[PDB]
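To start, the structure itself, in structure tokens.
Cβ: placed from backbone, ideal geometry, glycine included. Neighbour counts: every protein chain shown. What is reported rests on the model, the rules as stated and the sources as named; these are not laboratory values.
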Amino acid sequence: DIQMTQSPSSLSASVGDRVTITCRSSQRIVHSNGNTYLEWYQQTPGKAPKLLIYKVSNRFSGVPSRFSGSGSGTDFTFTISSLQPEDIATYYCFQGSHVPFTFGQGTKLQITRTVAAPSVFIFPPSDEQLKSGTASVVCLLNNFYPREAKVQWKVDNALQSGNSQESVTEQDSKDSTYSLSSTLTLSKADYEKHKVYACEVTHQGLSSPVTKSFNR
Amino acid sequence: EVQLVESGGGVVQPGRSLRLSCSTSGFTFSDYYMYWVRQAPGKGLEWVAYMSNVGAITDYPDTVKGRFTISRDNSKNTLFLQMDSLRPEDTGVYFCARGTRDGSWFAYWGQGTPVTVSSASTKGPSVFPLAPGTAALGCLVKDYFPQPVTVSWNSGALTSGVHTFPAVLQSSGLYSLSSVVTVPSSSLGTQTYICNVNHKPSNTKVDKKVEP
Ligand SMILES: CC(=O)N[C@@H]1[C@@H](O[C@@H]2O[C@@H](C)[C@@H](O)[C@@H](O)[C@@H]2O)[C@H](O[C@@H]2O[C@H](CO)[C@H](O)[C@H](O)[C@H]2O[C@@H]2O[C@@H](C)[C@@H](O)[C@@H](O)[C@@H]2O)[C@@H](CO)O[C@@H]1O
């Protein structure tokens, strides 16, 4: 089949930057009728992709003028003239010139913005979950940048490890920040044998670590 | 406006069959070639099939050829995808799409319907409240299979400041996630906050009021 290879696999750029993505086919992609059915798609997390460019350089109805495409033969390029916060997504090239129709592997585009420290919140286990025999303590790191962050749990000042999991949101389409959740899971018994629960947060935007806690 | 709505997605055991449907409106269905495209969890897009508007001209990639069959009912403006001898690799979101007269393939997409090929039984989530300048509150949606789960606040009336985290697999092989929202601390006690959780695979609907 025709392999579509995109470069780079991912990148980050500042708002207002000119971004260029490339797609190269392993073979020529000129349909027998003479057309080059090369298209570019944009996909934001959780949603269906959206057509941006078709037949190499034609902009689909409603697509902002900042998006454009070009190329020929086996090398094509997708360009965003002035990147906006809402452009965070994965972009894919696609060829419909020869069956089987194939897609590029996709290029993840993130936004580079100023460092922003997270707001930290801590949540104790609910009364209804406790009667279930398990306790989940949650720590929320809200709207920060860059993505890298360090969360450490402490029960009665004891360092925890192996009993927590974390999740990070997709970069925000408006403020280009990330949010993170850390969940400490303990048994009802363990939880009820301790009083002070706290999560310590370390991040580029914080001059010193932030700690949030509560007394059972 | 052009509307495409897929349905029929579900949890199925390997080797079994599943039939997907795509109801359309807003355009002359009988004038357009139609497509199905899928996306495995965390992976890219893959063209699955196409069918002429009339004459039943079809084609598929070798990965599904012989197992999948696209069909349509022009009188009902509906497209179908019969999936037989399903394999774990067939897991993913299936999209219905329509191109344009002038040469594009997927100009219009449906929202997609999830298909999970697994030997495991479906399991609904348990929902717990995350009790609360600005204050943070939320809901813990724990122990469910498979994805996806949707979480809204106040039936869609509350969207600003909401963050629903990507689900994370626990050692049990089940997913868990939290959905949080930040609101003015002065609103605590005057405005009600309810997280509406919907796990379509198990048809589990939970409404949890979060109070301070
Ligand atoms: C509205 C409609 O469905 N028209 C079809 C046309 O499909 C349209 O155009 C093609 C190129 C593609 O962009 C479709 O998404 C779009 O709806 C059919 O064209 C064929 O489509 C199939 C499926 O994608 C193949 O791509 C096939 O090669 C296409 O035919 C070629 O392109 C045509 C424009 C002609 O030049 C034909 O000779 C080529 O082989 C056509 C098929 O006859 O039928 C409607 O017009």
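Quick look at the numbers
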{"read-out": "Residues that are more than 16 Å from the chain's Cα centre (by Cα) and either more than 8 Å from chain A (Cβ to nearest Cβ) or more than 16 Å from the ligand (Cβ to nearest atom) (or both), drawn from segment B:82-101", "value": "B:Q82, B:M83, B:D84, B:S85, B:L86, B:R87, B:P88, B:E89, B:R98, B:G99, B:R101"}
{"read-out": "Residue identified as surrounded by 13 or more Cβ atoms within 10 Å (Cβ to Cβ) and over 27 Å from B:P129 (Cβ atoms) among A:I122, A:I111", "value": "A:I111"}
{"read-out": "Strands (runs of 3 or more DSSP E) enclosed by segment B:1-69 - at least 3 residues per element that are out of contact with any strand residue (DSSP E or B) (no Cβ under 6 Å at 6 or more places or on another chain) and either in the same structural domain as B:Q111 (by CATH) or surrounded by 14 or more Cβ atoms within 10 Å (Cβ to Cβ) (or both)", "value": "none"}
{"read-out": "Every residue from segment B:38-57 that is within 12 Å of the ligand (Cβ to nearest atom) and either within 20 Å of B:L86 (Cα to Cα) or at the interface with chain A (Cβ under 9 Å from one of its Cβ atoms) (or both)", "value": "B:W47, B:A49, B:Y50"}
{"read-out": "Hey, A:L11 touching a strand residue (DSSP E or B) at 6+ places or on another chain (Cβ under 9 Å) and crowded, with 19+ Cβ neighbours inside 10 Å or not", "value": "no"}
